[PDB]
Every structure is written in structure tokens, then in C-alpha cells.
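Working notes, structure below.
In order of appearance the chains are A, B, C, D and E, and numbering begins at 1 in each one.
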Amino acid sequence: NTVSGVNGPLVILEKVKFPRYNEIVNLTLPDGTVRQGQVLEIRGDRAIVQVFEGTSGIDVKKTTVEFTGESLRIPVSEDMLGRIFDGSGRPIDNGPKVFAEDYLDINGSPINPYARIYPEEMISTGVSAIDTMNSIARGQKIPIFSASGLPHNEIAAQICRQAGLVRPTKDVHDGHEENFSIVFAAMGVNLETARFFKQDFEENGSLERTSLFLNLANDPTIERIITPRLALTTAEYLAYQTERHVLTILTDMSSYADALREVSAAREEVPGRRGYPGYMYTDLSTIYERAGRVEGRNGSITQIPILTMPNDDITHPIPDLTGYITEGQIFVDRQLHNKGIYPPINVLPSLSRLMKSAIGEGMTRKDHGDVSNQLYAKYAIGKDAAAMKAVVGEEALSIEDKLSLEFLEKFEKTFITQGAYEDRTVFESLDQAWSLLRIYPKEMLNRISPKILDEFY
Amino acid sequence: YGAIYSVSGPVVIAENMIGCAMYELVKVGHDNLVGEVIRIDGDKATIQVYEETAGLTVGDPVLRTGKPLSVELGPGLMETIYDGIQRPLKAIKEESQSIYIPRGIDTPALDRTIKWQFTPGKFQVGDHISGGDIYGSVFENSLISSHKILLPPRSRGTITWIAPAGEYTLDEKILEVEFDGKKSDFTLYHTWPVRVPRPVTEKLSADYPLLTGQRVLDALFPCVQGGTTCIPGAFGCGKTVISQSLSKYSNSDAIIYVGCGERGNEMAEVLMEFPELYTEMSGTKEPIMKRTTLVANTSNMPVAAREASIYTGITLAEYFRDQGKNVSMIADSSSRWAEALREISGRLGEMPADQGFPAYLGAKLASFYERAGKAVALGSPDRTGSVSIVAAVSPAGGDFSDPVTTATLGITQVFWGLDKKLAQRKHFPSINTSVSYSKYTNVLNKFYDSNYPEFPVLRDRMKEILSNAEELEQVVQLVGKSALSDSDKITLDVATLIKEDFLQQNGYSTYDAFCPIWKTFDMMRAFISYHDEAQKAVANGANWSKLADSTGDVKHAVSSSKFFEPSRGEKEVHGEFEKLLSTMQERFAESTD
Amino acid sequence: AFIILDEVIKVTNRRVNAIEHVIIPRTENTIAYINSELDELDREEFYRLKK
Amino acid sequence: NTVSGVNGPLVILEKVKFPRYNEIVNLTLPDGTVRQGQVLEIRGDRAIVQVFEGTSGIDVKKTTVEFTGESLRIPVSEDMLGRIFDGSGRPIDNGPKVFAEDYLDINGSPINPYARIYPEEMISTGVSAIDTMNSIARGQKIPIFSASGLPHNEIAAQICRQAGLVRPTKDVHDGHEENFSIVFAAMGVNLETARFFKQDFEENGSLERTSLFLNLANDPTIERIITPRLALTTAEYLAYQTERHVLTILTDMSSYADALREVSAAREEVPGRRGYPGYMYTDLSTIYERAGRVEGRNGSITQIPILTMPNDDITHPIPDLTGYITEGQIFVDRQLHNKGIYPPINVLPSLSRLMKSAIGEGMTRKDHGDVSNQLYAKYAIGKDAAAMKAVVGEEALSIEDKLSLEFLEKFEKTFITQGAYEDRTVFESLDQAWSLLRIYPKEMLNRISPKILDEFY
Amino acid sequence: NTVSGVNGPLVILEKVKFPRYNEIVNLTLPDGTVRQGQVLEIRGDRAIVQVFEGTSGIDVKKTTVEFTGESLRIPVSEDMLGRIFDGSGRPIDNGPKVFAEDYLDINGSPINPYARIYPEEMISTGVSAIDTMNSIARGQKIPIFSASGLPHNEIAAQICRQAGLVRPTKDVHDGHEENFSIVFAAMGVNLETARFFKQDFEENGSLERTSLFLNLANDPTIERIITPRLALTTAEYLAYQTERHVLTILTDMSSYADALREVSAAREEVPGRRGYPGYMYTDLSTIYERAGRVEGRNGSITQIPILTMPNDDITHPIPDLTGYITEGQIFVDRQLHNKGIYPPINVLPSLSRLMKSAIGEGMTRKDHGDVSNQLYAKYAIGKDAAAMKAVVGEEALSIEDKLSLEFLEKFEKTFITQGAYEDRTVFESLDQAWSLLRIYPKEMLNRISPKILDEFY
């Protein structure tokens, strides 16, 4: 029909009642430009659409509507790596075209087949603090919690690039037997960021390794929400049909959450805690549910979402929600970054509750998990002692505390300090970790089972 | 005429009402309940109903009385406990067997059956009269005739007939005015609408005090009649005690006691206390109660009444101000009145923008308060009247930076503090120097200088001790002191005394809260003198421990002098204090050498 | 006196550290977190009345 | 009288003008069950009802309604006592109707003479910590402020138990000369705790003297608020017609308060501060209305409400509004509880203003208000002396502060710590208080007349 | 036609479209009361009027309307000086009105000619503590930030009265030659407070030089928000047309902000933080647009608003936004009030943004900047010295602290403490500065050039 009105990202159509929910419609501007949207609400003889593309210039009887008569599905192909796409279901970059062999829905249940069997295969990042203290699995979800003084993009790229070199070393070990694929999606970040990422992937290896979805900040909030959904379709097909392990790097996850926030402000929808939607739980879930092993059980989708915290607080709604849902927490610290530690990952609150699922034992040691717990415990004591060193001085602290202050310093500067291309095998990391444990005496290492301490020291 | 469309809470909607005013008294229902149409949106009238609902049906007739909600001002107001629109409680108590007026039952504001003694004025047949003039008097009160029968504000004309003395009723006619033909018959009681303020000839300067009798009040800043005063409360800091004590000391000719939405046991308490308690000068017969008119609302009564309570009280205060009487308006607590506006805001279906309190709150809190002050009496005979409002204020948002407290501090001129934590240790009122201010200080202190006190000098110094003491106390806590300068200990020490003698008072021990304004001057005089000797002694040499110990006997006596009140003579400056002064100097010499 | 000064300085060095490191960020975190929750209750109400 | 719609448990009826405010309706369901409901609002050509038994079975054209024709009134008996009753009445709790002697309106429309008559003589709760500090007088409302993380339930139980054990000690004192009755109204309490209340009355042998109305938290919200209103009407019958001293325990006010919030989310009336009604105060006041001394001095109703602070602050709505109406408050203590104390209340936030004037003589002394004041003063300081020790050390502490520290402990574990079957006379309480208070000279004590302190030192 | 209804002070009149925006309309009641209103909003087939006169007792069927045909404008003349008016420009002087030479728009002003040549020349107030520390330039916006533990109003009479008497003392320095006028606005004033200002200006011989507008705290909000608008226009007419410096004193800004909160929800819009409008700013800015030097470059409108916070609350929107537009603020201390120093203003948290460029010449010295530095730094050290003294003693106090101890009491008792009719220009302030400073040696006075110092020590 024709546009009735427009109030923000919501468009009021006066139409007829034949449309179905999320059925595509195309808005024909008087310029003769077509932009796409999907109906968010349908009522009798009228619709509310949210348009992906644009949010202004929308007329009345000079404008027209046309129905596509297909509710939105993403055209998925398995020849997607190396190929350049834009976050809009097609490239607007003029990159190699998407093609379709299935079109798969982004609602969060197309044909979805996931974990009835939990991850047991270890996948390494080449970084000790990640791998040893928390571990990463063939379905693991780990949030990178970052800040406005940390460089989020440099760490994001760091984890991805080094996990591509380690992952074939692990294929030979028989941790794997199937392909590796990267799906990189950037949604609504700066130009400066976008360019940087592509440059990073090229240096380490190639861009044949990865598939790229690029979405620009100048493009709307409505576009931004569809951008990860496009990533999900890509990854699920690859795992399902061609038994490939898929690694998704989703940047920026915070970018996506602010978008949700905008479609409740310029909607009449009342928001929940701290101005973030009440139905914010469901929006976030959609990304995280579509993870784990994929049917055949040689395919998988593994997630590393990248969150930048704006206030850097742990009372902000985004970091909290994400944490309950995700299988691990990786906290990256501004204070380490300042001191000259790269990567500057603080493990004080990094925790996995699904620690068993995260570790490996058939392509990693059984001792891996036992040592990690002890290390974490001994790091924590070393932090309690650090605060006490400032207050009390060395004028009353105990013999035991002194060992813990030394351990803390040796631990930051050796374990967490690694070259920009220097990759550590998980077995070598144990040897490093054992050096860290070795200064404490056999009565301070009392919590650990006697069997392990007498065996390996 | 009108029809009840809906009954939603104690609030009633009625359709078919037009050409009505926005304060119209309406009769809602088939029981003839009192109600008031605040607003009308089209044909639908929202009515605050000042009786309960438990059986109001739709389709019942609503009849407009054809006039505003008004109050009746005249004879027999004294010695009666009323609700918030005024109904005589006593008549109901025997007859209905109730205290909260049930539906099906109504009574008018004053009694009809009581005859009064009418005495003629100064005016005679042919004389022009206008609003606030004295047309006669009725002898009411213990010590003076308090009821001046005044022609209502904004009415004028000529009196053709002044009736002679005798006994007459107050539904009976005794005056006729001619102005545009016969204007009307007048009775003893005359009508005025409560939501409308009374006019005055002019506002006048405050310079006359009121004897509050509270030592801490009289000491720190002036006590003012014509006043504007707030005291913070919080319900559990001795606040009710200091209010009833305050009603008994007040030395004003009339007192109007206003229950905004109180405890209910207290509305019993003030009632029982008044006929059997003696005032400060001591009245003749039923001292306090004869002088008192009582508006008593508990929380349990209709919120329509609780909303009205404060208005009834100020119109009574204002009538009396125009009579040329000095009046104390004692109100406790405005926050409960504010809570009443809030109860109505949610029921009508308004938009609050002040933490769930109405947007209208700020204009109503202010408008009401501006009616108090000292003024030149309305009318030709020329008299002076005053209304001093002593108002308690309390939290209501739970903060102290909630709208209720924000609006009240802005409009008030006088604030004397109270702290809950210190109050628990028992030292109420436990005044906070920092939140306290007075604007009245300069004119009031000039007045007191003429009256005999050298007050102003002490006052600055009382404040100065308490201020430095405060600061010193944070420094003892924070650093965790290992020493003090010998002078600072004196400051702290002299402040402790101030705490006992003024700040620690109990409103039901009248040996421990009563002093006339001069007695107060002498006690403070003694303290300020002690500080003055003590500062000099350290300067000439002597240790603090030497200062404290050698001063000794006089230090005990001044501490213990808070257990006294005039009872050694009708004299307000005593030998008790005058003797101490010379002995104190004698003590000083010892300390120094 | 000199031995007495040495004993006192140690109590004093401890306090200067203690205030800065513990107290001041404990006050900051508590005040700001309560401020933020308190304003939220008030804002949602306005939105519900409006809706 | 057919249904237009149902939104929530609230039902929109079409009917034509007839019903009065709070007129009962009978809901005829097509399953052959009649359920009762109350009109909350009557309007032009519709009335809106909220149903007391469930919300199930409401249809549009398959339901019919018929009117009771009668506003809500309580069927009252004085043989109600010795028996278990319920808001609507159930047969499975042995009490399917009271078998009325009188029908009285629940709004005290026949008559309601209260609160122009002042409180009479002191009554024993058997707890020293309440009785000295706060004055509980017959014909007074003094509430228990309770808190979460603490069994508030246990405190209510101690009050029920001690009720009827005090009353023969009083009969000798001349504090009593009339019967004692307990009226227990339970609403929204846990099911397990309801059963513990039932056992306490039987054990004492005070089952005879009490009537129980029990409303669960699965029984509808309008029903829930009406149950305490029923029990107070019953208290008015006994107090006024047969001259009983009634102690009515109304637990838990938090469940009442919650109910207020949930209703009015579908009326014109629209909640106040933080989603709690602005007219919450009006509700409260209807409960406080039927309490107080009675005209002509036939009997009294005394009321002890139990409030649970849900956030553990008294700056929250439930303590805040209630506290302004109430004549003082007794607030519990979180800290004592942890230690293990029972009853665990504290005296510093507890104050009754009308203490001096209210009380009798001949089993409560003249020195009663004097000694309370002193006991609080030494305790304020003791609490603070702990705080200065934490930060700085023994640096701002002194001989005075050191005494106070000793005071805070001796008081906590001797005065406040008692049994839950211990009956303590107001004479006993005062005797013990003075013994404790010997810790400072007579000249340090000036919060008391020097006359009184010599007699009783 | 008739009045359709009333809801609050909003009057809904059923009329076509006949009044233009801001057109005064006269509501004619037949009962001897004529009322005026302004259409606040005009909508289709209805208009919303807020009445200047009353707020209640309006008929909904007996009212008739007349259109004035004139949108709100202020009659401005200059024989207005030496006269008392109310909040709508009607006289309370009594006797015939003054009328106009112009009707000028109050809405934002019909020509707006305000500064793009920044403030030069010095304005004195008459108090040394304000002038030297917090210098005000012609058309510079420096308010007085006050609190409720002080009489904010008294301190305000004092600045007004003593200002423009400084201008003759300056004529002798030959820094001024132009006629000074003063505009006074009292908003939400008490009768007693109001009369206090009138009587003070009358003593000084400043009453002839000022016009006073009183809006009482009992008159409509709409009237109260208009009160500063009328005042800003009078000042502007005198600045522009007759090339005069006019100082306008706007007390109390809180009354005005409160009034706006009442009209926020009067309107069909939604407020911001803590219930105060998010468009509070827009309103405040209207005041501020009239502020500054007028084009002609020897006339100005200088503005001092007084804002009272409840307890120095900076959680409140009002000081945080208002403080942004303005260029510094003057903070008053309760601690000094309590000691009995009056005026009790503290000059250390107080600021003048541009202070070396907020002075002129020939009516200041160039030594002004140097002394502001010296005065400030020594008063701050003295504040530290008081606290220090108490811990250390006097038997261990430092020799520099002793000079700072004395400095603290003399700066307060000479610079800050001064009489209620004392007057000060920059030269007088400057002489008193050197006598405080004289006590410090030259080598402790080093923020000062050696030139100045050898002449004035």
C-alpha cells in the first residue's frame, strides 16, 4: 500500500491484512531507491515496520510499498570463506556474492540441533592465561570483557590470529579431524576498526581463512541487530552439512545491546533495569543458544563474543547477563595493560563453572585441571597479600605471605607476558606453571592431593 | 439533578453537573453525604467524599447546595473538638455512639440549640459598617472576651437595625444591613469559604515574641510571634511531647491545635490534658481548653477531611487575628497533610512528578503558610493580631532531600534542628546548628535589648562554642588523637554543658523544660562567662586539669541548675544565678594562680 | 624519646596507607551504586504513568 | 449478567445499574460451582469484580452471574473462638460457616467509637527488652518491625505463646479483671509456619481463647486484604458487647502490602512512590481504624502487627508509611541473631513517645521511663566505641569509651537474652535493669533526676 | 463558547482556533469576578488556558469569553524606577499605573542583541570578599550558590543595595560616567521578607534607582515564571535604548525551578531525573539569552541569580545544569555562619571563570590578579592549620602554621565580615588586602611581582 506515517525507526503503514509476521516489504522512495524492512507488528488494515536501512525520507502517497511475500531468511552457502559480504544479507561492498543452497531463518530455531553431549575436545588460543586457567572447548562461550582505555580490537584480533596456528598443531594431535573455519562479523564499529581487523588477519595468515561481514556505524541500529544473526546462519550450515568446526568472533556484542535499547526508547515499550529492555534477556539468548556441537558430532559452533564495557562496572546490565549464560568469563584488566603486560589478562575473577567441559584430557593432560585450580587459589592469596603489603608493611606480614607476594609478581611477568606471535603449547605451559609452583614448599601445597605433588613438582 | 455514574474508592463520579463552581458543596447520595466537587471534566464531576463508602450505589441523585464549602465562624467554637470540616464531636458521641461519623448521619458545623449572650457594639442605627468591624461581642474565655462578632470580610453597607443586649441564638437575627435594598439578615455566626484566605488591612513587622517556654528554643535564636517555624521529626524522637508541652506554655490569647493525620491516641491525649492542666499565667477556669479550639483528625478519618483540616485551622486563626487577638497555630505534622494530597492524587488519577506526590504539592504547601504572620487587624476599630504558625515537618520520601522537605525549608524563615541519633541518648530537641537559621534575628534581638536582655551577645557565642565543638569532634575520631591544645578541651567541655542545660529537656517534667525568657538569659549568661574566664586562665598560665579541678564546686552547681524553675519568688532573675557569678570569678582567680 | 618516636612512626605509616587504599574506594563504590538504583525506581514510574 | 472480558484476575462485567459499593456476586461457572467475588468499582453500565476463589473458568457467553444483593458483612459468633475458620470458610479445616449470631458490617458502619479515649494500664508481654524500653498499654497500637534473613515468624510465635500466660499474672496485679482473647489473622504466611502457629495455641492450652482465620499466598489478592478486616470486626464484637480485652495479632503486613501493588494495575487508580500505592496509607488506616480504646470503657482491642522489612532498610515503603501512623516502633536486630540471641531486638532504634503518661502504677514504676533513657545513652556510645576501634585502633579510645564497650556486651547477652516461655513482670525488668547499670558514678548519671537515682541506683 | 471543563489550573475552553498563540482571553464569570488567562496551548476545537487570577470557582456553562486581541507583552517605561509592582506588572504601590513607551515580547525578546565581544570592565558589588576573589564583569553571569542553613535572602538584599552605590565611588576614579539602574525580582517571597528588602533600599537611597517585582509564594506558578521574564525585559530597554548598565538580581531560582516542575505535569509531557523536567534547561536558557552586553557597547544587562540547594545537593539537576551555563559561582559556608561570622561566604570553592580578563582598568588595578592569588593560597593553608593545631598542640606547632592560624581569623574578620551598609570598590578591597599580607615576610610572598610588593607589602 502506501506509508501512513513514520515515528522514528518505526514506520506506520496503512495497508491490508494479508502480510505475515516478519514478511519482507520494500519501501520505494520517490528517488526510486528501494530499501528493505520487515514487519515487526501487524494489525488489521495496518502495519508497523522496522526498516533495516535508513529511518528518514519516508513519504506518504508519493511513496509506495511492494510485498516480497517471503519472511526474512539468510542465503547460506558453504563457499562463504574468502568472500566479502556486508551485514545486510548481501554485500554492498561489491564483494563476491553470497549464493544459496538453503535459506535459513534467524528466529532462533530453524531446524536447530544442538548439544545432547557436552564439549570434551580442547581448543587452544596459544595463550596460557586463557587455556590453563579457564580452558576453551568445542562449544565453549567466553566473553572478552574489555574497556574504554583497553584496546579491545587488538586483544580480539590477538586471540583469533594465534588460535589459528595452534589449531592445526592440535589437528595432528587428533584433538580434531575436520576443518577449521573462522566467521568474523563486525557490526556497527568505526571505519578505523574495520580496516584494522582485515589487515591483522592478512598478516598472520590470509583472509581466505575467514569470512567477513562488514556493517558501518552510519547504517542504522536495526541493521546492527540482524548482523550477528547473519553470522549464526553461516556457522550453523558449515557445522551441520559439512562437519566443520566453526569459530565465531562476534564484535562488538555491546554494539548490538545498545541497538535493542534504542527500539524501546522510540517505542512505547517500557524498559527494565537501568533503561535496558525487559525482553533484553531473550534478544541476547538468541545468539548464545545456537552454540555447541552440531549433529553428526564432528561439526561445532564455538563462540568468543567481544564485550566492551562502557563504565567498566560489574553492575552494568550487559556484562551481568552475559556472564550467567556464557560458559566462562575472561576479564581483561586496565592496570596490567598500563604496567607493560601484553596480553594483560587478569585471572582474579576469570572463572568457568563448566570447568570440566572446558578442559581436555585426551589431547591435553589430566594434570592440567589439577594445577590450574591450585594456581588460581595461590594467585588469589597473593592478591590478598598485596593489599596488606601496602597497609601493614613488611613489619608484621608472615613467612607464608612473603612466598605469595613473590608468586604474584613472577606470575604476571612470565606467564601472562608473551610475544605478539609467540604461541605456547598447552603441555609447555604446564612446565611453566610448574616453575611457578616449585618455589612454595610441600606444606604450603597441602590442599592438593599428595599423589600429584610427589609426581610433578 | 446529578446522577452517580461511578463509585471508585472514597471518590465518586457523578454525571449531569454544569454551571457549578469548583469548591461547591454537594450532597452525594441518598444519605445526603458531604462531598465537594474539586474539578469537572465535561459533565462528570469528581467529588471528594468526606464520609465512608461501604454501600454507595449508582443511580442515586446528587443535589448541589448552590454554595461553596464554607465554615461557620462565631460563638461556641471554644471548648469543642471538631473534625476537619467542623462537626461537633461531643453531640455525636452520645447520640450515634460513634466517633467516626457513619453514612446516613450528618450534623451542621456549630450548634443550633445553644443561646449566647449578645452585647451591643460602638455602632448604632445609621452607621456604615464594612468587613472586620466589631458589630458586638459574646463573653467567651477565662480571662477576656474573646469573641468579637465581626461583619464577614468584603461585605459593606449601612446598619439600619442594631438589636439591644440580651440572650439570643446564632440562627437568630439581630442585624440587618441595607445596601442594594435589604442586603440580608445576619446572625451571630458568619460564613466564609475555607479554601479562600481571609483578607487583612496590611502586613506588619514581627518584633513581638511568643513565650514557647522551651529553654533551648528561647536560647539559640529568638522566639517570634507572627512566626514561621519548622522542627524536623521522624516519628520516634520525642516530637509529640514537645508539641503538647508547647500548647501548655504558649502565652498567646488563643490557641488552635491542628491534627493533620496523627496517631489517634495523641488526639485523645490533648483532649484529656486541656481542662485539667494549667497554663503558664494560669487561666481562671478550664485554663487551656477554654482558650483552645481543636481540629482533630486522625489518619483513620476520610482523606477528604485530612486534606481540609489545615484550612479550617488557618481560617480560625485568621478570624481571630482580625478580632485583634494574638493566636498560636500549632500544627503537627504537615508531611501527613502532604501524604493526604498524595492519597487523593493517586485516587483522582492525576500525574505526580515529585516521587509519587502531586505536582500541585508546591503551590498548596506555600499558599497555606503565607496566611500566618503578624498583621494589622481587618476593620475600622484598629487592633493588632498575629498568627504564629509553629509547624512540625517530617520526611515522607524517606530521604531528607525528598520534595516535602525541599519545599518547606525554602518557604520557612526559622528552622531549629533535631537529630534522631542524639535524641535517642535522650537530649531532645537535639538541634543542628548547621541546618538552623533565623531571618527574624535582627529585629527580634533589637526588641529584646529594649526589653532588658543583653541576649544578642550570648547568642553569637552560644553558636560559636557549638560550632567549634562539632569540628573538633571529627578531628578526635578521624586522626585518633594523641593530644589536644589546652584551649580546645575547654571548648568541648563548655559545649557538654550546653547539651544538658538547654538541649536535654523533657516536656512532661516541668522542672526540666521551663524557664521565662529572662531566666534563660541568666543561665546562658553564666555559661558564656565561664568560657570567658577559662580562655584567659590558660593564657596567663595554668593547665587544663588545674582549670577544671579548681573551678570544681561552681561547675557542679551550674550543671545541676537545670533542675530549677521559678519557685523561689515571682522574679525572673534570681539570686540563684547572681550568686554564682561572683563565686565564678573567685574560682577563676584560684585557677589562674 | 628517640626510641619512643620510632615505635610511633610505624603506627602512623600504617594509617596513611590504610585510608587511601581501603576506605576511599569503598565509599565511592557504595555511594554511586546506590545513587544509580535509586534514580531508576523514580524514572520507570514516570514511563508507566505516561504509558 | 454476562462477562465482557477478564484481564488478570480482575473481571469486567456488563451489567446495568443496581450494585452498591462492595456488593457480592456469585459467579456461575459452567462446571457447576458457585464462587464469590466483590465489586471493587461500580461504573456506568459496567462493574469490575475481582474473584476471591481463583480466576479459572471465566468465559464470555458461557458464564452467567447473579447478585447476592448484599454488601460484605461478617457473620460473627463468640463461639467462633476454640475453632479454626477461614476468610470464605472451608469444610476441610472444620468450619464451613460461623453460624451467625449477628451480621455486622466489616467497615464498622454500625458504630465505631475509637481514639478519643486515652490508653489505660501497662500490660506484660513477658519480654523485658520490650516492656522497659517501650510502653505497651491496653488500647494502644505498637508494631513489631522485623526483617529478612531472620525468622520474623519466630517472633510472632513468641508473642502468641506468651499471650494468655501474662493474663493471670495481671489479674493479681489488677492489670486485668476481664477475659483475655487472642484474635489471629494469618495472611500470606508460609504453610509450614501456619502449622507451627496452630501447634503453639494448642500447647499452651490457649486454643479455646483464640479464633484463627488463615489466608494463604495462593488465595487471591482482594481475598487476602479482606481476611484481617474480618478478624478485626470480630475483635470489635467481643471487646464492646461482652467486654473482652482482645490482643489481635495480624501477620504478615508485608503480604498485605504486596497485594495493594498488584491490584490497581487495571483500574483508573494508578500506584504511587516506587509502584507501591499512594493510597497505601488509606488501606493501612482502615486496619488501624478498628483499634484503640472503646467508649464507655467496655473492653479494648490491642493490636500487634508483624512487618518484615524485605530490603532490610526502614527507608523502604512498608516500614516508612506504617511508622508514621504507629506510636513508636520496636525494630529488631540483625547482628544479635547471627550471634545466636533470642529474641534478637535492639533498643537503640526502639522508642515509644507516650511512655511516661500512659503507664500505671502498682506493677510498673515511676522510674520506668527514666531508666530506659539511661540504658539507651550508654549503648549509643558503646556501639560507636566499636566503630573507632576498627579504623584507627585504641588511638581515639579512652577510659570512658572502654567502659562503654563493656556495657554494650553485658547488656546484649544479659538483658535482651531470655527464654521464649519466660514470663517477666514489669517489676522484674526494672530490678534487673538497675543491677546492670552499675558501671558509672551518680555524677555521670544526669539523664535521671538525682532524687530517683538514690532510691534506685 | 463556555468553559468545557477544568482539570488542575488547566482550563479547557471549547473554541474554534480564534486566539493566536499567547493571546490573552478574558473569562467573564457572572458573579462580579472577571478573570484573565493566556492560551498556553491552542489545539483544534479547544484551547488550554492557565488563569492568572485564581485557580478554582470557575463555571462550566455560565462563562462567556472576549478575545483581547493582544499576545503577552510587558509595558516598559523608566518612570517604573522607584516603584513596587507585583508578579504581572500591576502596581502594589497603589495609585495610577505607569504604562509603556514600548510593549516588548517577553517570550525570548523580539530582537535579541547580546555579546560577541566578551566581558571587559569590572563591576563591584560592595563586598571585598566577592570583588577581589570572584570578580564580575559587565554582562557576566556569576550566581550565588547558597544553601538552606543560611538566610539566602538577606545576603541577597545586601548585594543589591550596595551595588550601584559603588558606581558614584567609581565616577570619582573616573571609571564610569553613565547612569546605573537596578532591576529586582523576588520570586516566591514571604510578606515579611519582601517588606525587609523594600525598607533596606529605602534607607540607602537605592529605592529610587531600583524597580522591584514581587511574586508572592501564594500566587500562580505561571505568574511566577513570568516574573523574571518581565524583569529581564525592563533591564534590556534601559541597556539598549538609553545605553545604561543595569544589574538584575533574580531571587529565588529554586522557586522558579519548582514552579516549572508544577507546570511539567500540567503539560502532557514526561519529566527527567528525580521528577524535574528534561526540558528544564530550555526554560533556564530563556533567562540566559537576556544576559550580556547589548550592541552599542556601553550598556549591559548584568545578572546575578541566587540559587538555593536543599543541603548542598549536587545530585539535584538544578545546580549541575545551571552551573554549566554560568561562568563561576559563589559558595556560602554554614560553618562560618555558625561561628557568627556574617557575611559567612567562603571564597575558596567559589570561582570566577576568567578573572584576569574580568576586570577593567581605571576602576581596578592591574595588581588585582596578583593579590587574588596571594589571598587565596594563605586562607587554604590556614584551614589546614586549624585541624593540625588540634592534633599537634601549641607546644609543637610550626612557625609557619602560626602565621596561617592568625591569617585565617583576620581574612574572615576584615575581608568577609563587614557591615550591612558598607560599600567597596576594588581600590578599597585592595588596601585591606595588603594589611593582611604584611604579616607574612616578602620571601613567603612570591606569587607577586617584586615591583608591586616593594610598593605594597
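Throughout what follows, contacts are C-beta pairs under 8 Å (C-beta built on N, C-alpha and C of every residue); 3 or more make two chains touch, one makes a residue touch a chain.
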**Chain pair that, of all pairs, has the most C-beta pairs in contact** = B-D
**Message:** Report the inter-centroid distance (CA atoms only) between chain C and chain E in whole Å.
**Reply:** 36
**Asked** So what's the Cα centroid distance for chain A and chain D, whole Å?
**Response** 53
**Asked** Cα centroid separation between chain B and chain E, in whole Å?
**Response** 33
**Message:** Between chain C and chain D, what distance separates the C-alpha centroids? Give it in angstrom.
**Reply:** 38
**Residues of chain C engaged with two or more neighbouring chains** = 15, 18, 42-43, 45-49
**Request:** Name the residues of chain B that each touch 2 or more other chains.
**Result:** 351-353, 355-356, 479-482
**Fill in**
Residues of chain A that touch two or more other chains sit at none
**Message:** Judged by the touch rule stated earlier, which pairs of chains are there in contact?
**Reply:** A-C, B-C, B-D, B-E, C-D, C-E
**Item:** Residues of chain E touching chain B in the complex
**Value:** 4-8, 12, 56-62, 148-151, 153-154, 188, 190-193, 195-196, 216-218, 220-221, 252, 254-255, 258-259, 261-266, 271, 274-276, 308, 310-311, 313, 315-316, 334-335, 337-340, 386-387, 389-394
**Request:** Report the residues of chain E in contact with chain C in the complex, numbered from low to high.
**Result:** 270-271, 273-275, 315
**Request:** Give every residue of chain C touching chain E within the complex, in rising order.
**Result:** 35, 39, 42-43, 46-47, 50
**Item:** Sites on chain B touched by chain E in the complex
**Value:** 18-23, 38-42, 68, 195, 197, 203, 205-206, 226, 228, 350-355, 359-360, 362-363, 366-367, 369-370, 373, 400-401, 403, 405-407, 409-411, 413, 415, 433-440, 460-461, 463-464, 466-468, 470-472, 475, 479, 481-486, 488
**Prompt:** Given the complex with chain B, which residues does chain D contribute to the contact?
**Reply:** 17-22, 41-44, 71, 105, 107-119, 139-141, 267-274, 277-279, 281-282, 284-286, 288-289, 292-293, 295, 315-316, 320-321, 323-329, 348-349, 351, 353-354, 356-357, 373-374, 376-377, 380-381, 388, 391-393, 395-396, 443, 446-447, 449-450
